[PDB]
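Listing of final.pdb; format and content: PDB, C-alpha atoms and all ligand atoms.
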MODEL        1
ATOM      1  CA  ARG A  17      21.579 -10.229  -5.341  1.00  0.00           C
ATOM      2  CA  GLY A  18      21.003  -7.258  -7.616  1.00  0.00           C
ATOM      3  CA  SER A  19      18.627  -4.334  -7.704  1.00  0.00           C
ATOM      4  CA  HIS A  20      14.877  -4.768  -7.369  1.00  0.00           C
ATOM      5  CA  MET A  21      12.309  -2.321  -8.701  1.00  0.00           C
ATOM      6  CA  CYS A  22      11.078  -2.263  -5.070  1.00  0.00           C
ATOM      7  CA  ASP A  23      14.329  -0.528  -4.107  1.00  0.00           C
ATOM      8  CA  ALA A  24      12.574   2.738  -5.043  1.00  0.00           C
ATOM      9  CA  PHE A  25      10.719   2.485  -1.711  1.00  0.00           C
ATOM     10  CA  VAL A  26      13.793   1.817   0.410  1.00  0.00           C
ATOM     11  CA  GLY A  27      14.883   4.531   2.797  1.00  0.00           C
ATOM     12  CA  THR A  28      13.786   6.697   5.702  1.00  0.00           C
ATOM     13  CA  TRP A  29      10.593   8.711   5.192  1.00  0.00           C
ATOM     14  CA  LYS A  30       8.791  11.363   7.256  1.00  0.00           C
ATOM     15  CA  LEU A  31       5.115  12.328   7.082  1.00  0.00           C
ATOM     16  CA  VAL A  32       4.614  15.796   5.651  1.00  0.00           C
ATOM     17  CA  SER A  33       0.890  15.941   4.856  1.00  0.00           C
ATOM     18  CA  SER A  34      -2.285  14.068   5.699  1.00  0.00           C
ATOM     19  CA  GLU A  35      -5.799  14.441   4.332  1.00  0.00           C
ATOM     20  CA  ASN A  36      -9.059  12.832   5.480  1.00  0.00           C
ATOM     21  CA  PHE A  37      -7.194  10.453   7.817  1.00  0.00           C
ATOM     22  CA  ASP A  38      -9.659  10.959  10.670  1.00  0.00           C
ATOM     23  CA  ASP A  39     -12.552   9.971   8.400  1.00  0.00           C
ATOM     24  CA  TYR A  40     -10.585   6.959   7.155  1.00  0.00           C
ATOM     25  CA  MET A  41      -9.981   5.833  10.737  1.00  0.00           C
ATOM     26  CA  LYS A  42     -13.681   6.361  11.484  1.00  0.00           C
ATOM     27  CA  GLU A  43     -14.635   4.072   8.602  1.00  0.00           C
ATOM     28  CA  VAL A  44     -12.132   1.440   9.737  1.00  0.00           C
ATOM     29  CA  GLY A  45     -13.771   1.494  13.175  1.00  0.00           C
ATOM     30  CA  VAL A  46     -11.101   3.224  15.280  1.00  0.00           C
ATOM     31  CA  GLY A  47     -12.426   4.461  18.617  1.00  0.00           C
ATOM     32  CA  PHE A  48     -12.466   8.105  19.647  1.00  0.00           C
ATOM     33  CA  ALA A  49      -9.403   8.274  21.911  1.00  0.00           C
ATOM     34  CA  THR A  50      -7.191   6.264  19.547  1.00  0.00           C
ATOM     35  CA  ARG A  51      -8.344   8.367  16.570  1.00  0.00           C
ATOM     36  CA  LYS A  52      -7.433  11.613  18.309  1.00  0.00           C
ATOM     37  CA  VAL A  53      -4.024  10.431  19.512  1.00  0.00           C
ATOM     38  CA  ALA A  54      -3.187   8.587  16.297  1.00  0.00           C
ATOM     39  CA  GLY A  55      -4.293  11.579  14.236  1.00  0.00           C
ATOM     40  CA  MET A  56      -1.658  13.793  15.863  1.00  0.00           C
ATOM     41  CA  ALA A  57       1.198  11.434  14.970  1.00  0.00           C
ATOM     42  CA  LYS A  58       3.793  12.409  12.363  1.00  0.00           C
ATOM     43  CA  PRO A  59       5.393   8.991  11.862  1.00  0.00           C
ATOM     44  CA  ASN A  60       8.692   8.121  10.280  1.00  0.00           C
ATOM     45  CA  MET A  61       8.506   5.179   7.882  1.00  0.00           C
ATOM     46  CA  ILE A  62      11.593   3.020   7.322  1.00  0.00           C
ATOM     47  CA  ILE A  63      11.493   0.614   4.376  1.00  0.00           C
ATOM     48  CA  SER A  64      14.202  -1.932   3.680  1.00  0.00           C
ATOM     49  CA  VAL A  65      14.526  -4.902   1.346  1.00  0.00           C
ATOM     50  CA  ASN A  66      16.606  -8.019   1.991  1.00  0.00           C
ATOM     51  CA  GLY A  67      16.293 -10.688  -0.657  1.00  0.00           C
ATOM     52  CA  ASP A  68      12.619 -11.504  -1.033  1.00  0.00           C
ATOM     53  CA  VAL A  69      11.699  -9.943   2.339  1.00  0.00           C
ATOM     54  CA  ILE A  70      10.419  -6.369   2.527  1.00  0.00           C
ATOM     55  CA  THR A  71      10.301  -4.677   5.942  1.00  0.00           C
ATOM     56  CA  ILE A  72       8.226  -1.572   6.730  1.00  0.00           C
ATOM     57  CA  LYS A  73       8.690   0.064  10.135  1.00  0.00           C
ATOM     58  CA  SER A  74       6.596   2.966  11.391  1.00  0.00           C
ATOM     59  CA  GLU A  75       7.948   4.959  14.334  1.00  0.00           C
ATOM     60  CA  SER A  76       5.943   7.668  16.064  1.00  0.00           C
ATOM     61  CA  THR A  77       4.911   9.043  19.430  1.00  0.00           C
ATOM     62  CA  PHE A  78       1.719   6.982  19.078  1.00  0.00           C
ATOM     63  CA  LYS A  79       3.144   3.536  18.349  1.00  0.00           C
ATOM     64  CA  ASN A  80       6.130   1.791  16.807  1.00  0.00           C
ATOM     65  CA  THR A  81       5.135  -1.009  14.440  1.00  0.00           C
ATOM     66  CA  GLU A  82       6.932  -3.276  11.995  1.00  0.00           C
ATOM     67  CA  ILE A  83       5.856  -5.720   9.280  1.00  0.00           C
ATOM     68  CA  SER A  84       8.099  -8.029   7.267  1.00  0.00           C
ATOM     69  CA  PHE A  85       6.643  -9.879   4.332  1.00  0.00           C
ATOM     70  CA  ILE A  86       7.116 -11.555   0.966  1.00  0.00           C
ATOM     71  CA  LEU A  87       5.050 -10.267  -1.927  1.00  0.00           C
ATOM     72  CA  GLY A  88       1.930 -12.322  -2.541  1.00  0.00           C
ATOM     73  CA  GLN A  89       2.230 -14.303   0.727  1.00  0.00           C
ATOM     74  CA  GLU A  90      -0.376 -13.691   3.431  1.00  0.00           C
ATOM     75  CA  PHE A  91       0.801 -12.779   6.942  1.00  0.00           C
ATOM     76  CA  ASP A  92      -0.572 -11.806  10.360  1.00  0.00           C
ATOM     77  CA  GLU A  93      -0.401  -8.121  11.272  1.00  0.00           C
ATOM     78  CA  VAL A  94      -1.316  -6.211  14.428  1.00  0.00           C
ATOM     79  CA  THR A  95      -2.067  -2.661  13.306  1.00  0.00           C
ATOM     80  CA  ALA A  96      -1.200   0.510  15.209  1.00  0.00           C
ATOM     81  CA  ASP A  97      -4.849   0.778  16.295  1.00  0.00           C
ATOM     82  CA  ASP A  98      -4.587  -2.825  17.557  1.00  0.00           C
ATOM     83  CA  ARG A  99      -6.619  -4.637  14.918  1.00  0.00           C
ATOM     84  CA  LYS A 100      -5.521  -8.227  14.323  1.00  0.00           C
ATOM     85  CA  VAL A 101      -5.712  -8.533  10.535  1.00  0.00           C
ATOM     86  CA  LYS A 102      -4.703 -10.923   7.759  1.00  0.00           C
ATOM     87  CA  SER A 103      -2.570  -8.986   5.270  1.00  0.00           C
ATOM     88  CA  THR A 104      -1.367  -9.633   1.724  1.00  0.00           C
ATOM     89  CA  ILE A 105       0.914  -7.211  -0.129  1.00  0.00           C
ATOM     90  CA  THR A 106       1.572  -7.403  -3.872  1.00  0.00           C
ATOM     91  CA  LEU A 107       3.316  -5.250  -6.440  1.00  0.00           C
ATOM     92  CA  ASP A 108       0.994  -3.933  -9.156  1.00  0.00           C
ATOM     93  CA  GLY A 109       2.771  -1.869 -11.804  1.00  0.00           C
ATOM     94  CA  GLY A 110       5.151  -0.213  -9.355  1.00  0.00           C
ATOM     95  CA  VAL A 111       2.535   0.233  -6.593  1.00  0.00           C
ATOM     96  CA  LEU A 112       2.620  -1.762  -3.372  1.00  0.00           C
ATOM     97  CA  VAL A 113      -0.977  -2.894  -2.795  1.00  0.00           C
ATOM     98  CA  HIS A 114      -1.663  -3.948   0.811  1.00  0.00           C
ATOM     99  CA  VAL A 115      -5.017  -5.579   1.636  1.00  0.00           C
ATOM    100  CA  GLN A 116      -6.025  -6.073   5.285  1.00  0.00           C
ATOM    101  CA  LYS A 117      -8.907  -8.386   6.265  1.00  0.00           C
ATOM    102  CA  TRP A 118     -10.514  -8.634   9.695  1.00  0.00           C
ATOM    103  CA  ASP A 119     -13.977  -9.132  11.199  1.00  0.00           C
ATOM    104  CA  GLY A 120     -15.363  -9.553   7.687  1.00  0.00           C
ATOM    105  CA  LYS A 121     -14.045  -6.069   6.809  1.00  0.00           C
ATOM    106  CA  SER A 122     -11.394  -5.059   4.305  1.00  0.00           C
ATOM    107  CA  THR A 123      -9.169  -2.041   3.703  1.00  0.00           C
ATOM    108  CA  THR A 124      -6.552  -1.367   1.052  1.00  0.00           C
ATOM    109  CA  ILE A 125      -3.375   0.652   1.528  1.00  0.00           C
ATOM    110  CA  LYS A 126      -1.473   1.669  -1.602  1.00  0.00           C
ATOM    111  CA  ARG A 127       2.095   2.933  -1.400  1.00  0.00           C
ATOM    112  CA  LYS A 128       3.590   4.569  -4.471  1.00  0.00           C
ATOM    113  CA  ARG A 129       6.545   6.710  -5.460  1.00  0.00           C
ATOM    114  CA  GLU A 130       5.568  10.106  -6.889  1.00  0.00           C
ATOM    115  CA  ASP A 131       8.371  12.561  -7.731  1.00  0.00           C
ATOM    116  CA  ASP A 132      10.573  12.529  -4.593  1.00  0.00           C
ATOM    117  CA  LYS A 133       7.630  11.556  -2.376  1.00  0.00           C
ATOM    118  CA  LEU A 134       6.164   8.323  -1.080  1.00  0.00           C
ATOM    119  CA  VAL A 135       2.374   8.646  -1.279  1.00  0.00           C
ATOM    120  CA  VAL A 136       0.153   6.386   0.840  1.00  0.00           C
ATOM    121  CA  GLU A 137      -3.516   6.004  -0.082  1.00  0.00           C
ATOM    122  CA  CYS A 138      -5.702   4.329   2.550  1.00  0.00           C
ATOM    123  CA  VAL A 139      -9.108   3.239   1.255  1.00  0.00           C
ATOM    124  CA  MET A 140     -12.086   1.831   3.143  1.00  0.00           C
ATOM    125  CA  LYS A 141     -15.586   1.618   1.618  1.00  0.00           C
ATOM    126  CA  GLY A 142     -15.468   4.804  -0.417  1.00  0.00           C
ATOM    127  CA  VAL A 143     -13.405   6.827   2.082  1.00  0.00           C
ATOM    128  CA  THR A 144      -9.835   7.646   1.031  1.00  0.00           C
ATOM    129  CA  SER A 145      -7.063   9.233   3.053  1.00  0.00           C
ATOM    130  CA  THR A 146      -3.862  10.467   1.442  1.00  0.00           C
ATOM    131  CA  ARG A 147      -0.641  10.465   3.463  1.00  0.00           C
ATOM    132  CA  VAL A 148       2.433  12.035   1.851  1.00  0.00           C
ATOM    133  CA  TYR A 149       5.970  11.232   3.018  1.00  0.00           C
ATOM    134  CA  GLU A 150       9.261  12.867   2.108  1.00  0.00           C
ATOM    135  CA  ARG A 151      12.814  11.630   2.527  1.00  0.00           C
ATOM    136  CA  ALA A 152      13.966  12.158   6.112  1.00  0.00           C
TER
HETATM  137  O1  LIG B   1       0.275   6.424   9.214  1.00  0.00           O
HETATM  138  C1  LIG B   1       0.377   6.153   8.002  1.00  0.00           C
HETATM  139  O2  LIG B   1       0.788   6.933   7.138  1.00  0.00           O
HETATM  140  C2  LIG B   1       0.023   4.773   7.567  1.00  0.00           C
HETATM  141  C3  LIG B   1       0.546   4.311   6.363  1.00  0.00           C
HETATM  142  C4  LIG B   1       0.276   3.041   5.906  1.00  0.00           C
HETATM  143  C5  LIG B   1      -0.529   2.205   6.643  1.00  0.00           C
HETATM  144  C6  LIG B   1      -1.062   2.625   7.842  1.00  0.00           C
HETATM  145  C7  LIG B   1      -0.810   3.916   8.330  1.00  0.00           C
HETATM  146  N1  LIG B   1      -1.334   4.358   9.559  1.00  0.00           N
HETATM  147  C8  LIG B   1      -2.426   3.922  10.346  1.00  0.00           C
HETATM  148  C9  LIG B   1      -3.467   3.180   9.797  1.00  0.00           C
HETATM  149  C10 LIG B   1      -4.537   2.786  10.572  1.00  0.00           C
HETATM  150  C11 LIG B   1      -4.595   3.140  11.904  1.00  0.00           C
HETATM  151  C12 LIG B   1      -3.579   3.901  12.455  1.00  0.00           C
HETATM  152  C13 LIG B   1      -2.486   4.326  11.690  1.00  0.00           C
HETATM  153  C14 LIG B   1      -1.395   5.116  12.325  1.00  0.00           C
HETATM  154  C15 LIG B   1      -0.105   4.598  12.422  1.00  0.00           C
HETATM  155  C16 LIG B   1       0.921   5.325  13.009  1.00  0.00           C
HETATM  156  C17 LIG B   1       0.675   6.582  13.510  1.00  0.00           C
HETATM  157  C18 LIG B   1      -0.593   7.114  13.425  1.00  0.00           C
HETATM  158  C19 LIG B   1      -1.622   6.387  12.844  1.00  0.00           C
ENDMDL
END

Any chance you could give the structure as structure tokens?
Ligand SMILES: O=C(O)c1ccccc1Nc1ccccc1-c1ccccc1
Amino acid sequence: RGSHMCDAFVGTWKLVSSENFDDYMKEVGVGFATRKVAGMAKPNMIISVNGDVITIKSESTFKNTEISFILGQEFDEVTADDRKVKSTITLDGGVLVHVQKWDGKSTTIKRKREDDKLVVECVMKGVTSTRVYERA
């Protein structure tokens, strides 16, 4: 194979700033103890691409998670806060758009490259949290 535009996301990333993440977790429904422990985490995110399959790993003191997926194709995901969700990830003009559905609820996670950073925007019903990652 050759290069994919998605290769811009590939690499090892470390969290360097977080805003409104506690309120985002509140809106998602995360319980108190998990919110407090998850809110302290400074995860490393490892993104790789192999053919049509994109893999995103998150490693932290709170939880280690991994998803592998093909763009546009729905998959099952167990989130770090232990929700069992149906996820679909697409590419929209350079932005990975990740929709999670569960319990009749929905949240959208957008991952984008900005300068040398990987910016993650987590949105739930009017509440947005911004998570900024730098190369590890
Ligand atoms: O964490 C990020 O940047 C992130 C980036 C993209 C997607 C999801 C994300 N995190 C979470 C979302 C919901 C509930 C818990 C966590 C979490 C995961 C690991 C460690 C602490 C909280």

Do you know which residues the PyMOL selection byres (((chain A and resi 62) around 6) and not hetatm) returns on this file, as number ranges by chain? A: 27-28, 61, 63, 72-73

Set the cut-off to 9 Å, count all atoms listed in the file, and list whatever residues fall near ligand LIG 1 (chain B) as JSON, numbers by chain. {"A": [31, 34, 37, 40, 41, 44, 46, 50, 51, 53, 54, 55, 56, 57, 58, 59, 60, 61, 74, 75, 76, 77, 78, 79, 80, 81, 95, 96, 97, 98, 99, 114, 124, 125, 126, 127, 135, 136, 137, 138, 146, 147, 148, 149]}

Measuring atom to atom with only C-alpha atoms, identify which of A:93, A:35, A:130, A:43 is nearest to residue 111 in chain A.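 Of all the options, A:130 lies closest to residue 111 in chain A.
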
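For the pair CA of residue 150 in chain A and CA of residue 87 in chain A, the separation is 23.9 Å.
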
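Evaluated against the shown file, the PyMOL selection byres (((chain A and resi 83) around 6) and not hetatm) gives residues 71, 72, 82 and 84 of chain A.
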
Only C-alpha atoms, please: the residues just picked out, written as a PDB file, in the frame of the given file.
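So selection03.pdb came out as:
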ATOM      1  CA  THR A  71      10.301  -4.677   5.942  1.00  0.00           C
ATOM      2  CA  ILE A  72       8.226  -1.572   6.730  1.00  0.00           C
ATOM      3  CA  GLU A  82       6.932  -3.276  11.995  1.00  0.00           C
ATOM      4  CA  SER A  84       8.099  -8.029   7.267  1.00  0.00           C
TER       5      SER A  84
END

Env of residue 141 in chain A: 8 Å cut, atoms = only C-alpha atoms, seq-sep filter 2 positions within chain, self excluded. Answer as an MDAnalysis selection string. chainID A and resid 43 123 139 143

Go ahead and save the residues from that selection, with C-alpha atoms, as a tab-separated table (two decimals), in the coordinates of the input.
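In the end it all went to selection.tsv:
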chain	number	residue	atom	x	y	z
A	43	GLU	CA	-14.64	4.07	8.60
A	123	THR	CA	-9.17	-2.04	3.70
A	139	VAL	CA	-9.11	3.24	1.25
A	143	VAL	CA	-13.40	6.83	2.08

Determine the axis-aligned bounding box of all atoms of range 29-43 of chain A present in the file, pad each side by 3 Å, and express its centre and edge lengths in Å to one decimal place as JSON.
{"center_x": -2.0, "center_y": 10.0, "center_z": 7.9, "size_x": 31.2, "size_y": 17.9, "size_z": 13.2}

As number ranges by chain, please: the residues near range 89-91 of chain A (cut-off 8 Å, only C-alpha atoms, same-chain neighbours under 5 positions excluded). A: 102-105

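Candidate residues A:65, A:152, A:94, A:113 were compared for distance to residue 25 in chain A, and the nearest is A:65, using only C-alpha atoms.
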
May I have the residues within 10 Å of residue 121 in chain A as a list in words, using only C-alpha atoms and disregarding those fewer than 3 positions away in the same chain?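 Near residue 121 in chain A, the qualifying residues are residues 44, 45, 101, 116, 117, 118, 140 and 141 of chain A.
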
Shortest contact to residue 134 in chain A, candidates A:48, A:26, A:69, A:88, atoms counted only C-alpha atoms, goes to A:26
